[PDB]
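Asks: need a 3D model of the sequence below.
(7 chains)
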Amino acid sequence: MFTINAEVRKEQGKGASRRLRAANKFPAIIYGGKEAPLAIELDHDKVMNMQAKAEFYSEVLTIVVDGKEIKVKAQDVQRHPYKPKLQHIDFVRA
Amino acid sequence: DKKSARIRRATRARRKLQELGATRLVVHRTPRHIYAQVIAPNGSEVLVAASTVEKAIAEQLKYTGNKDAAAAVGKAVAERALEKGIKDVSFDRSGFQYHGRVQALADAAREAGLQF
Amino acid sequence: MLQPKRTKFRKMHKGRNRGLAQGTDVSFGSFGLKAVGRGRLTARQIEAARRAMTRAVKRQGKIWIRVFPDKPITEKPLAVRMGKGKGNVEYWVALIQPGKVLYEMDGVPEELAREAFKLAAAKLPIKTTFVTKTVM
Amino acid sequence: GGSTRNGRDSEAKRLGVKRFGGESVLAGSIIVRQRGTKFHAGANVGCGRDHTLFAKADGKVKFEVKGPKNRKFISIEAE
Amino acid sequence: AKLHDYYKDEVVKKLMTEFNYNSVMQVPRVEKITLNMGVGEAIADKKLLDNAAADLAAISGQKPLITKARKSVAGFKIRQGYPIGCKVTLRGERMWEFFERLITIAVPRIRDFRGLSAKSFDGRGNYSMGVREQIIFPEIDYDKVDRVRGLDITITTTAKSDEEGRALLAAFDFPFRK
RNA sequence: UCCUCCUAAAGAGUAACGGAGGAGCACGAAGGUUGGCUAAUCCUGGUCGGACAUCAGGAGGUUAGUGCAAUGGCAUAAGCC
RNA sequence: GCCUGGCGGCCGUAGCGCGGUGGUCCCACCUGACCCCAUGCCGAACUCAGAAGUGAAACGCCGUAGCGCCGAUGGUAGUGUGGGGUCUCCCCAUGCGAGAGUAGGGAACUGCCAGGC
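Replies: Numbers count the residues shown, from 1 in each chain, chains lettered A, B, ... in the order given. Next up is the structure itself:
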């Protein structure tokens, strides 16, 4: 069980995705739940310090974004080409 | 699939007719029936036809798969062709032989009027 | 000793390395090595590195190898001038880049590639080291 | 070694490309050694000994997307 | 030439009074024998079959024809268009006509005569009635010395299983073994 | 000297004793044309049968073949009857 | 309105597998053949004279998603144009960018005509 603070991600593309990763952030997404896809910004090393536990993937977690809070489940990951660091991650509505 | 071999022979013909466009006469038969239809110069619809389904033939013929029933359709489609004034009509045999009931239909269509 | 299957054609072209290509997910085991750099790897180097591990691991495992020689190289006499031409095949080589895992392990708990890799890294290019299994 | 030759001078390129003038006959596609990858459709045909889909009437090319999976035909437009 | 009359009266058809079949299209039917006679090493004789050209039509109710090979070089010698056999195939009335001599009078030579083994059974109940080599039937000029060749016969059925194809062995009698 | 696939750069000819090969002929038929046909390979079983032998069944198929080379295609068959 | 067939327009979200259902119009099997036509033998194939028997098979209709098929959104590889860093690679600014995978879809669409109930 976890609760994390997220922010709606409003600027997308390669150089912006690399910019986040230099400025303590990284891209992610929320989809499913019979609702439209949402793009989000997360803390780069602080979520990497969190996801290395089974209870991040075996059970739901809360995301706090857009002035509400919702439960999701972790769906997918992209790792760095030669490092365990987070490049991009997927979530699905729970 | 010996049924599909007749469809292959029809693909051969359909491709060969595709470069012609225009008004087309298609003949089709089965062990109890025979019919002939005139397809429009846009290919999208029929104009006129003749078929062993009409009680004008089907009540007078003792079997609709007969030679004289094929001639009855030939003599009807030629008569309806004269009503709609069709010329330069390309013939199509639906993958069948021309010999037999399609020839016996055509032989009588050129007896009810112009060739055909 | 490692001597790959005779090439369909008598000679090959060496080719350029892009110096990245992800391949970090272990599929012949659960753990492996860190590459994090780029260069050329030879058949004698991977057999000398296999010898270094064979001497420390005895017969445990085995260990699986995801790098194999890709090209034979043409070699000729040193005195031949510049111009004509390419010699016969001599040594076999491959290319390495940061995303490589090189070697894959699972059946060798804590006695290989868990505390150090220095003894096998001393036989190889690009100052390599071990990696821990990726589980999340 | 050597003597692989390949020889010299051969082309048959770029003649089946983009917007046409619609007032003389055109090759439509001159792709080498064509036997079934393309073929012809609609009002036009091409049966030349050099596998050219040359249309026998004056018109423009349709650049048609119809045809089964990876088999697409040389056809002339209606205007 | 009487089986044609009886095969239309009750043989594997009176079944339809006690079992759930509304037509003969769900019951066992027999209508074919794809006959052949091989030549073997005849290429090293090339003179006997040059005069015995109707010697298969002497037992089958159809027109004789020599079959030409589909092979042009072989480890036993063959040549392009060489005659490799004769068929004289039985269907319908000529098949029922031909069947009236099988097991009934084909007894001049035997090798088990109690049912051998159910080869080529196809899981349907396809029955063996071959003779390995011709045994000669009474017709005309059959009492003399004359040579004989290889002859094998399988009767194949439209049945779906040997559980239901065996309704033929419940209407006729012949020696059978699996 | 001629000829294919590739190098040759998502516009074209094209380099270096560049990469895999060929051509100086063949077939009056292996050409024209109407209608058809559909591999191969393997399994099953059938006297004379060393050993591949027959005719029929089953699996199965841009995998057979194409005068010759390399390449692209293939039943609307350009493959064979 | 639903059904059966055809000309098709279209031919990888009509495909593969799995479970039901139909003989009425239709079709397939099927009745018979030295008759028209036919087997390099065989009514198998293709005919011709057709309804005695079915819906076995093939065919049509319908359900069922494990999948071919369709497939977001984001990211990644890639990159045009400027520029950074002892530099055949890394890093950035600005403008573009897949394929594959994931969520998810999905057991065909549609115009004309004849007949059926």
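Asks: helix or strand for the nearest residue to residue E:62 once chain neighbours are set aside, which one?
Replies: Nearest-residue entry for residue E:62: residue E:88, 4.9 Å, with adjacent residues in sequence omitted and distances by Cβ to Cβ, 6 or more residues apart in numbering or on different chains. Where C-beta positions appear, they are placed from N, C-alpha and C, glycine not excepted. Using DSSP states H and E, residue E:88 sits within no helix or strand.
Asks: of all residues in chain A, which one is closest to chain B?
Replies: At 41.4 Å from chain B, residue A:36 is the closest residue in chain A, using Cβ to the nearest Cβ.
Asks: what does chain D give?
Replies: Here chain D gets closest to chain B at one residue, residue D:45, 5.2 Å apart by Cβ to the nearest Cβ.
Asks: what about that residue, how many neighbours?
Replies: As a burial measure, residue D:45 scores 18 neighbours (other Cβ atoms under 10 Å in any protein chain shown).
Asks: what do you get for residue C:123?
Replies: By other Cβ under 10 Å, 17 other residues sit near residue C:123.
Asks: helices or strands up against the strand ranked longest in chain A?
Replies: When chain A is parsed with DSSP state E, its longest strand is strand A:68-80. Applying 3 or more Cβ pairs under 8 Å, 6 or more residues apart in numbering or on different chains; DSSP states H and E, one finds that strand A:68-80 contacts strand A:25-31, strand A:61-65, strand A:83-93.
Asks: flag every buried residue along stretch C:47-56.
Replies: In terms of neighbour count (16 or more other Cβ atoms under 10 Å in any protein chain shown), stretch C:47-56 has its buried residues at C:49, C:50, C:52, C:53.
Asks: got the phi/psi numbers for the nearest residue to the third one once chain neighbours are set aside?
Replies: Here the nearest residue to residue C:52 in space, its sequence neighbours aside, is residue C:120; by Cβ to Cβ, 6+ apart that works out to 4.6 Å. The phi/psi pair for residue C:120 (degrees, to the nearest 10) reads phi -100, psi -30.
Asks: ok, back up a step: give the contact list for the residue of chain A closest to chain B.
Replies: Shown in contact with residue A:36 (Cβ atoms under 8 Å, 6 or more residues apart in numbering or on different chains): no residues.
Asks: quick one: residue A:18 is in a helix?
Replies: Yes - according to DSSP: H, G, I helix; E, B strand; the rest coil, residue A:18 belongs to a helix.
Asks: any idea how far it lies from residue C:57?
Replies: Distance, residue A:18 to residue C:57, using Cβ to Cβ, to the nearest Å: 40 Å.
Asks: what sits closest to residue C:127 if chain neighbours are left out?
Replies: With sequence-adjacent residues excluded and distances taken as Cβ to Cβ, 6+ apart, residue C:127 is closest to residue C:121, at 6.4 Å.
Asks: meant to ask about residue A:48, not that
Replies: Counting by Cβ to Cβ, 6+ apart, residue A:86 is the residue found nearest to residue A:48 once chain neighbours are left out, at 5.1 Å.
Asks: next, count neighbours for that neighbour.
Replies: Counted with other Cβ under 10 Å, residues neighbouring residue A:86 total 21.
Asks: residues touching it, list them.
Replies: By Cβ under 8 Å, 6+ apart, the contact set of residue A:86 is A:26, A:44, A:47, A:48, A:51, A:77, A:78, A:79, A:80.
Asks: follow-up on the earlier one: what helix or strand does the residue of chain D closest to chain B sit in?
Replies: Using DSSP H and E, residue D:45 maps to neither a helix nor a strand.
Asks: list the contacts for it?
Replies: B:19, D:55, D:56.
Asks: phi, psi for the last one please.
Replies: For residue D:56, the backbone dihedrals (degrees, to the nearest 10) come out as phi -90, psi 10.
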